[PDB]
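K.L.:
Sharing a structure, written as structure tokens. Questions coming.
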Amino acid sequence: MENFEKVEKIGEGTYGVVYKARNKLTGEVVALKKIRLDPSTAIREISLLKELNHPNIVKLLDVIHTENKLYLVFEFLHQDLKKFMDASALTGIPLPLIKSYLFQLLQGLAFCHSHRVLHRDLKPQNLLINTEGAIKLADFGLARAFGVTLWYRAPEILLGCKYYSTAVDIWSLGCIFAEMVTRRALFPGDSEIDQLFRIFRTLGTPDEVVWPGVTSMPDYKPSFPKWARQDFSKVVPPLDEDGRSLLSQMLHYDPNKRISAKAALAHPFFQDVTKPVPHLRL
Ligand SMILES: Nc1nc(-c2cccc(CC(=O)O)c2)c2nc[nH]c2n1
């Protein structure tokens, strides 16, 4: 590369290959994302995301459009939440650290949402951690500009609603919360219908009482099986009553009923939040 002294593939991301790269002029290590194309609107829209700065969002440092190729340059972090959860599977992530991470992620969502930016595809691979106890969300705003792990997808998306709201991100974060606590994915579906039916088997099949308008969703079928709903006490033990209450508000079926990021920060579950230091093996 003409502007990067060295470049190493990290892995296959949601938009193309992601590289660890060293800027040739400055020496700075960045995450360089090559967008897999064959989009003038996307360039201007994403370029606006360069302006956003919060401690819990991965900075978009640059948008590079050269040689008819598109690259996004982001601030590099040394581990994602997926790998951290794997590394913590025998002990679990300590509760104070789960709580710190959830609090920080909600601050990042609240910031992004207040600026009219959604994620739409939050998942452990786009939640990145550092050695100082921070966690940051990567790739906020890209999905709208550009138009597969289904495990974190909100039910309205799975039911074919093409109108996204802030609530889709709260759903995904609720699923991630549950996974940090239990050390297993909450809804590890293998297809859209398996994903939907895993949700239904835990939370009950939605109906017009809990979710007015659900039966007019594009992909809703009156033939869906009708499962009863399970208690969160069975789903995320040993999470306490405060954590279970918050999770239940993040996982309401009706997106309009789900707690906002701002309201979630005020929940009693955060009546003793702290910022612990994680043990990261790099
Ligand atoms: N080390 C590192 N890795 C990634 C990364 C690498 C591969 C995949 C993804 C997410 C996905 O494609 O869904 C993210 C970063 N994104 C911003 N900063 C980053 N730093």
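Note on naming: chains are A, B, ... as they come in the structure tokens, residues start from 1 per chain, ligands start from 1 in the order shown.
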What residues of the protein or nucleic acid chains come within 6 Å of ligand 1 when you use only C-alpha atoms and all ligand atoms? Reply as a list in words.
P.N.:
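If we count only C-alpha atoms and all ligand atoms, the neighbours of ligand 1 turn out to be residues 10, 11, 13, 14, 18, 31, 74, 75, 76, 77, 78, 125, 126 and 138 of chain A.
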K.L.:
Go through segment 43-92 of chain A and collect every residue that DSSP, computed from the backbone, puts in strand (DSSP E or B); the answer should be as a PyMOL selection string.
P.N.:
chain A and resi 57+60-66+69-75+79-80
K.L.:
Rounded to one decimal, what separation in Å do you get between atom CA of residue 274 of chain A and atom CA of residue 102 of chain A?
P.N.:
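Between these atoms lies a distance of 11.1 Å.
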K.L.:
Per DSSP on the backbone, filter segment 21-259 of chain A down to the residues in helix (DSSP H, G or I) and report them as a VMD selection string.
P.N.:
chain A and resid 40 to 51 81 to 87 95 to 114 124 to 126 142 to 146 150 to 152 155 to 158 167 to 182 192 to 203 214 to 216 232 to 235 241 to 250 255 to 257
K.L.:
May I ask which of the residues A:28, A:261, A:220, A:267 is the closest one to residue 242 of chain A, counting only C-alpha atoms?
P.N.:
A:267
K.L.:
With only C-alpha atoms as the counted atoms, please give the residues lying no more than 10 Å from residue 2 of chain A, apart from itself and same-chain residues fewer than 2 positions off, as a list in words.
P.N.:
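Those residues are residues 4, 5, 6, 23 and 24 of chain A.
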K.L.:
Which residue, A:246, A:52, A:159, A:169, has the smallest gap to residue 266 of chain A when you use only C-alpha atoms?
P.N.:
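Between A:246, A:52, A:159, A:169, the residue approaching residue 266 of chain A most closely is A:246.
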K.L.:
Figure out the distance between atom CA of residue 22 of chain A and atom CA of residue 69 of chain A, please, to one decimal in Å.
P.N.:
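Answer for the atom CA of residue 69 of chain A to atom CA of residue 22 of chain A separation: 18.7 Å.
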K.L.:
May I ask which of the residues A:241, A:270, A:162, A:231 is the closest one to residue 218 of chain A, counting only C-alpha atoms?
P.N.:
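Of A:241, A:270, A:162, A:231, the one nearest residue 218 of chain A is A:162, counting only C-alpha atoms.
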K.L.:
Residues within 12 Å of residue 92 of chain A, please, as a ChimeraX atom specification. Count only C-alpha atoms; anything in the same chain fewer than 5 positions from it doesn't count.
P.N.:
/A:84-87,97-98,179-184,238,278-279
K.L.:
Taking 5 positions as the minimum chain separation for residues in the same chain, which residues sit within 9 Å of residue 37 of chain A when counting only C-alpha atoms? Answer as a list in words.
P.N.:
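Result of the neighbour search: residues 15, 16, 69 and 70 of chain A.
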K.L.:
I'd like the contact shell of residue 120 of chain A - 10 Å cut-off, only C-alpha atoms, skipping same-chain residues fewer than 4 positions apart - returned as a ChimeraX atom specification.
P.N.:
/A:139-144,152-154,157,164-172
K.L.:
Take the residues just selected and output them with N, CA and C atoms as an mmCIF file, in the first residue's frame.
P.N.:
```cif
data_model
loop_
_atom_site.group_PDB
_atom_site.id
_atom_site.type_symbol
_atom_site.label_atom_id
_atom_site.label_comp_id
_atom_site.auth_asym_id
_atom_site.auth_seq_id
_atom_site.Cartn_x
_atom_site.Cartn_y
_atom_site.Cartn_z
ATOM 1 N N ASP A 139 -18.409 0.897 14.002
ATOM 2 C CA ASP A 139 -19.238 0.760 12.790
ATOM 3 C C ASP A 139 -20.619 1.377 12.917
ATOM 4 N N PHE A 140 -20.811 2.318 13.846
ATOM 5 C CA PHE A 140 -22.120 3.012 13.981
ATOM 6 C C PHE A 140 -22.331 3.940 12.774
ATOM 7 N N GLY A 141 -23.494 3.829 12.122
ATOM 8 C CA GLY A 141 -23.862 4.621 10.957
ATOM 9 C C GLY A 141 -23.567 3.967 9.624
ATOM 10 N N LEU A 142 -22.760 2.919 9.591
ATOM 11 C CA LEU A 142 -22.392 2.337 8.291
ATOM 12 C C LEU A 142 -23.542 1.628 7.641
ATOM 13 N N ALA A 143 -24.363 0.933 8.424
ATOM 14 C CA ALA A 143 -25.451 0.140 7.829
ATOM 15 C C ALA A 143 -26.415 1.040 7.060
ATOM 16 N N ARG A 144 -26.792 2.192 7.601
ATOM 17 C CA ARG A 144 -27.708 3.068 6.838
ATOM 18 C C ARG A 144 -27.022 3.504 5.561
ATOM 19 N N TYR A 152 -28.225 -11.365 17.120
ATOM 20 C CA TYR A 152 -28.476 -10.118 17.811
ATOM 21 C C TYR A 152 -29.547 -9.292 17.114
ATOM 22 N N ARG A 153 -30.218 -9.857 16.107
ATOM 23 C CA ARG A 153 -31.183 -9.127 15.332
ATOM 24 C C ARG A 153 -32.509 -8.996 16.054
ATOM 25 N N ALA A 154 -33.022 -7.774 16.087
ATOM 26 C CA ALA A 154 -34.321 -7.476 16.726
ATOM 27 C C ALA A 154 -35.451 -8.164 15.966
ATOM 28 N N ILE A 157 -36.906 -6.672 12.745
ATOM 29 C CA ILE A 157 -36.086 -6.842 11.516
ATOM 30 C C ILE A 157 -36.355 -8.241 10.945
ATOM 31 N N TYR A 164 -36.089 0.988 10.480
ATOM 32 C CA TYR A 164 -35.247 0.765 11.686
ATOM 33 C C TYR A 164 -35.369 1.941 12.663
ATOM 34 N N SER A 165 -35.334 1.639 13.966
ATOM 35 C CA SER A 165 -35.406 2.640 15.013
ATOM 36 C C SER A 165 -34.300 2.366 15.998
ATOM 37 N N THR A 166 -34.109 3.303 16.920
ATOM 38 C CA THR A 166 -33.134 3.162 18.005
ATOM 39 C C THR A 166 -33.297 1.847 18.773
ATOM 40 N N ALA A 167 -34.516 1.362 18.860
ATOM 41 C CA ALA A 167 -34.812 0.145 19.621
ATOM 42 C C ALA A 167 -34.075 -1.064 19.077
ATOM 43 N N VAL A 168 -33.687 -1.087 17.799
ATOM 44 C CA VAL A 168 -32.982 -2.285 17.298
ATOM 45 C C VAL A 168 -31.653 -2.438 18.017
ATOM 46 N N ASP A 169 -31.017 -1.328 18.375
ATOM 47 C CA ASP A 169 -29.705 -1.369 19.033
ATOM 48 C C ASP A 169 -29.835 -1.782 20.492
ATOM 49 N N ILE A 170 -30.900 -1.333 21.165
ATOM 50 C CA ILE A 170 -31.181 -1.761 22.521
ATOM 51 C C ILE A 170 -31.419 -3.264 22.587
ATOM 52 N N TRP A 171 -32.168 -3.821 21.631
ATOM 53 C CA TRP A 171 -32.370 -5.273 21.565
ATOM 54 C C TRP A 171 -31.016 -5.989 21.474
ATOM 55 N N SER A 172 -30.191 -5.569 20.518
ATOM 56 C CA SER A 172 -28.911 -6.253 20.317
ATOM 57 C C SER A 172 -28.070 -6.183 21.597
#
```
K.L.:
Any idea what's packed within 7 Å of residue 130 of chain A, counting only C-alpha atoms, ignoring anything in its chain fewer than 2 positions away? Could you give it as a list in words?
P.N.:
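These residues fall inside the cut-off: residues 77, 78, 79, 132, 133, 134 and 135 of chain A.
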K.L.:
Enter the distance from atom CA of residue 94 of chain A to atom CA of residue 275 of chain A, in Å, rounded to one decimal.
P.N.:
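Separation of atom CA of residue 94 of chain A and atom CA of residue 275 of chain A: 11.7 Å.
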